[PDB]
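The structure appears below as C-alpha cells.
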Amino acid sequence: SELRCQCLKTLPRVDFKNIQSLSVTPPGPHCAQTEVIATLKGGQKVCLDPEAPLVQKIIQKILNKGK
Amino acid sequence: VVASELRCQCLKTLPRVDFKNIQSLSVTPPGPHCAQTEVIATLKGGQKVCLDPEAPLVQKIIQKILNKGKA
C-alpha cells in the first residue's frame with residue numbers, strides 16, 4: 001500500500017466561525033509536507049496553507065477560544 | 001447523534017508530548033457539547049491523547065508542525 005499527500009491545492013484562509021474541526025498532520029511516510037485540512041460546518045473539506053500567516057493566526061484563535 | 005458531538009472527547013489533557021511522537025492532531029473549537037478547544041494527538045502506535053490547548057509548549061509544538069517546511 002502507498003498513501004500520498006491529499007491536498008492538491010492549499011488555500012490562504014477560511015472564515016474562523018465556519019470551522020467545525022481541523023486536522024494537522026506533520027511530514028511522514030505518506031507526505032513530505034505538513035497538511036492542514038479544515039472541515040467546515042457545511043461538510044466542506046478544504047486544505048489550508050500551513051505557512052500562511054492568516055492560517056496560523058486562525059489556528060491560534062481556535063487554540064485560545066476555550067473558556 | 002454521535003458521542004463526539006455530545007460531550008468533550010478528552011478525559012484529561014497533557015501539558016506537552018514529544019513532538020516527533022505525533023502522527024496527527026485534530027483540533028476542535030468549543031461548541032454546545034464542550035466548553036474547551038480539544039487537541040487530540042494521535043501518537044505513533046495509535047494512542048490518542050489530548051493536549052492542553054493553552055499550554056505554551058503545546059502552542060509551540062503546533063507552530064513547529066505548521067513551520068516544518070519553511071527555510
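Labeling convention for the C-alpha cells: chains A, B, ... as they appear, residues from 1 per chain, ligands from 1 in order of appearance.
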request  = Determine which residues of chain A sit within 7 Å of chain B, taking into account only C-alpha atoms, and present them as a ChimeraX atom specification.
outcome  = /A:20-26,33-34,50-51,62-67
For C-alpha atoms, I'd like the residues from the last selection saved as a PDB file, in the first residue's frame.
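As written to disk, again.pdb reads:
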```pdb
ATOM      1  CA  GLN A  20     -16.035  22.584  12.630  1.00  0.00           C
ATOM      2  CA  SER A  21     -12.558  20.967  13.060  1.00  0.00           C
ATOM      3  CA  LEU A  22      -9.088  20.929  11.613  1.00  0.00           C
ATOM      4  CA  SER A  23      -6.632  18.133  11.237  1.00  0.00           C
ATOM      5  CA  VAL A  24      -2.932  18.929  11.170  1.00  0.00           C
ATOM      6  CA  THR A  25      -0.568  16.169  10.023  1.00  0.00           C
ATOM      7  CA  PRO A  26       3.178  16.664  10.053  1.00  0.00           C
ATOM      8  CA  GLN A  33       4.623  18.448   3.637  1.00  0.00           C
ATOM      9  CA  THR A  34       2.570  19.328   6.724  1.00  0.00           C
ATOM     10  CA  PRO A  50       0.182  25.803   6.923  1.00  0.00           C
ATOM     11  CA  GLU A  51       2.806  28.581   6.365  1.00  0.00           C
ATOM     12  CA  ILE A  62      -9.009  28.261  17.863  1.00  0.00           C
ATOM     13  CA  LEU A  63      -6.410  27.093  20.428  1.00  0.00           C
ATOM     14  CA  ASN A  64      -7.253  30.176  22.506  1.00  0.00           C
ATOM     15  CA  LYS A  65     -11.094  30.108  22.084  1.00  0.00           C
ATOM     16  CA  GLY A  66     -11.931  27.990  25.141  1.00  0.00           C
ATOM     17  CA  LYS A  67     -13.490  29.450  28.278  1.00  0.00           C
TER      18      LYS A  67
END
```
query = With only C-alpha atoms as the basis for distance, which of A:59, A:36, A:31, A:47 is at the shortest distance from residue 11 (chain A)?
reply =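 Counting only C-alpha atoms, the residue closest to residue 11 (chain A) is A:47.
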request  = Name the residues of chain A that fall into helix (DSSP H, G or I) according to DSSP on the backbone, using the chain letters and numbers of this document, as a PyMOL selection string.
outcome  = chain A and resi 16-18+53-63
Please, could you write that set of residues out with C-alpha atoms as a PDB file, in the first residue's frame?
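Generated file (out_39.pdb):
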```
ATOM      1  CA  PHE A  16     -12.937  31.268  11.573  1.00  0.00           C
ATOM      2  CA  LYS A  17     -16.509  30.933  12.537  1.00  0.00           C
ATOM      3  CA  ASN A  18     -17.179  28.255   9.853  1.00  0.00           C
ATOM      4  CA  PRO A  53       0.260  33.873   8.495  1.00  0.00           C
ATOM      5  CA  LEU A  54      -3.601  34.103   8.367  1.00  0.00           C
ATOM      6  CA  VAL A  55      -3.942  30.311   8.602  1.00  0.00           C
ATOM      7  CA  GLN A  56      -1.535  30.187  11.581  1.00  0.00           C
ATOM      8  CA  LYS A  57      -3.500  33.059  13.159  1.00  0.00           C
ATOM      9  CA  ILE A  58      -6.784  31.196  12.711  1.00  0.00           C
ATOM     10  CA  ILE A  59      -5.299  28.138  14.344  1.00  0.00           C
ATOM     11  CA  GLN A  60      -4.113  30.224  17.237  1.00  0.00           C
ATOM     12  CA  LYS A  61      -7.581  31.826  17.656  1.00  0.00           C
ATOM     13  CA  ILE A  62      -9.009  28.261  17.863  1.00  0.00           C
ATOM     14  CA  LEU A  63      -6.410  27.093  20.428  1.00  0.00           C
TER      15      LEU A  63
END
```
